[PDB]
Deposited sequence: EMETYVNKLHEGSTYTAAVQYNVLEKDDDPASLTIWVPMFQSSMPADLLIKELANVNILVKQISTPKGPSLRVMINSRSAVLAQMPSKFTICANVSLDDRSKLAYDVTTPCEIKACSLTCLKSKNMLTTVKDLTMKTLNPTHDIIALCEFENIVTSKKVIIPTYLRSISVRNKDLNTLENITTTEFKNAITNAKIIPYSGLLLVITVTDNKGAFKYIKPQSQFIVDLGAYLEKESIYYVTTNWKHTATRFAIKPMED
């Protein structure tokens, strides 16, 4: 007994596995934290891989690094397929930890409460925000995705504005924006998905390379971190209680 989540955003037999675990220190007065695994390719059917992922054992250790507090993660496993998966890696503690409550330099076992597997396109079909940085040397506008959630327990609405890219826009194009916010673009934002990875991960399907999507490989998935906006939240609480209700955008003059 453990909740499991499988999101197949790609139909390929081969896919990029984006795996996030919500865990609880094995202890009285336990720390609660969320771990995401560095992305890895697999060809095992998703509904089968999730059974293997669910059966691993996880240990963490809080350490100090030039970046601040980090979490060393170790994953134990008897499943042959998970030779494919990183078993030692480090993640930022501020996003990972809810809380207190974890000691430094003590390897700590954690009980798995939930495991989420999202299937994305192959790594050569994934575009990041960093990928698009420096593509425009003199941009005039920033493009922001406004990710709207409902907290299902409180009924409160939450909007997380996340940076996508900066572009240059011709004066002529400002009057309707139809050459920037193309039909392709607007549809891609409206139908964008938010999945449990890196805290939360926005995934935009890039159907064209015109306007707002210039210099992106067509049919790539453009992936965007929201974890940096969730440092003060419990990720498990978020992935359980924040329902993604819409995605809007703003094209803001740089100022």
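In sequence order, the deposited residues that have no C-alpha coordinates form the ranges 100, 257.
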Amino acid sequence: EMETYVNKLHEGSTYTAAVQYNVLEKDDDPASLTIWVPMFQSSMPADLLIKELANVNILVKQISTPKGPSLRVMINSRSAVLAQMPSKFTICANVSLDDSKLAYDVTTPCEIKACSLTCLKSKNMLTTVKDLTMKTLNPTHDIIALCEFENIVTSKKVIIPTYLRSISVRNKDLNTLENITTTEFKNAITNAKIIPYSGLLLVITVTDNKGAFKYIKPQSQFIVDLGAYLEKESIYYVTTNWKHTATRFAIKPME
From here on, numbers count along this sequence of modelled residues.
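When 110-118 is weighed against 151-159, 151-159 comes out higher, by mean CA B-factor as recorded in the entry.
In this crystal structure, the stretch out of 41-49 and 197-205 whose C-alpha atoms carry the higher mean B factor is 41-49. Going by the entry's values, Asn76 shows the largest Cα B-factor out of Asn76, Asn94, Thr140, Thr128. Looking only at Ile167, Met134, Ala145, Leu82, the residue with the top Cα B factor in the deposited structure is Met134. The deposited CA B-factor of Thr90 belongs to the lowest third of values across its chain.
For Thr14, the recorded CA B-factor ranks within the highest third of the chain. Only modelled residues enter the ranking.
When the modelled residues of the chain are ordered by their C-alpha B factor, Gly68 lands in the middle third. When all modelled residues of the chain are sorted by CA temperature factor, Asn187 is found within the middle third. When the modelled residues of the chain are ordered by their C-alpha B factor, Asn55 lands in the highest third.
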